[PDB]
Amino acid sequence: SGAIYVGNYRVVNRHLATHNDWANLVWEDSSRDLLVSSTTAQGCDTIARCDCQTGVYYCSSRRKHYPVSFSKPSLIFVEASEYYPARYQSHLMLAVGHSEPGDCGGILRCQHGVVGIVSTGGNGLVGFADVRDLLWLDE
Ligand SMILES: NC(=O)[C@H]1CCCN(C(=O)Cc2cccnc2C(F)(F)F)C1
Ligand SMILES: [Zn+2]
């Protein structure tokens, strides 16, 4: 679990979106595993606007933050899950590192801010759904 709170937006993994998220839906993209909903209170997180390929992510299955080198956002084949069939997920960044399903939502950050959130993993890899191209979160 985990979310990003910026302005009047709540960014969560689409497969973990709640009834409240869907009733206050702003945008969703199943190929990115992202959903944004509207909130009453203002959020205090800052989205990174950069091409950083190093950062730190929160790993709930380890109660630890880990430093990682990650790939640029691209179309990567994501294995069939209980939430989605086999498919290419776009705007996904891979890193060598630990993850388990309950880790989705953990934030990946650089000096510039929130880079994205854990969305895929397995076999010693962790995939993050990028949020840096979504400039409308700033306004
Ligand atoms: N974006 C996706 O298709 C998600 C759908 C449901 C969640 N999901 C996974 O369970 C992938 C997975 C399997 C084994 C270890 N770690 C992970 C993960 F949690 F992502 F880190 C992929
Ligand atoms: Zn950065």
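Tabulated data for the structure shown
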| quantity | calculated |
| --- | --- |
| Listed peptides 24-36, 98-110 by packing density, highest first (mean Cβ within 10 Å) | 98-110, 24-36 |
| Contour excess over end-to-end distance, with Cα ends at residue 136 and residue 1 and 0.36 nm allotted per residue | 46.2 nm |
| Whole-angstrom Cα spans of the chain along principal axes, big to small | 39, 34, 28 |
| Exposure proxy order (Cβ contacts within 10 Å, fewest to most) of 128, 77, 70 | 77, 70, 128 |
| Within the chain, helix-based [θ] at 222 nm, where runs of 4 or more DSSP H residues each add -39,500 (n - 2.57), nearest 500 | -500 deg cm²/dmol |
| Nearest-0.05 FRET efficiency for residue 27 and residue 62, computed from C-beta distance (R0 30 Å) | 0.45 |
| J(HN,Hα) series, segment 87-100, from Karplus relation 6.51 cos²θ - 1.76 cosθ + 1.60, nearest Hz, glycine and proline x | 6, 7, 9, 8, 6, 10, 10, 9, 9, 7, x, 6, 7, 9 |
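The numbers here are math on the coordinates, done by the rules we state, and not lab data. Every residue, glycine among them, receives a Cβ derived from its backbone with ideal geometry; neighbour counts consider all protein chains shown.
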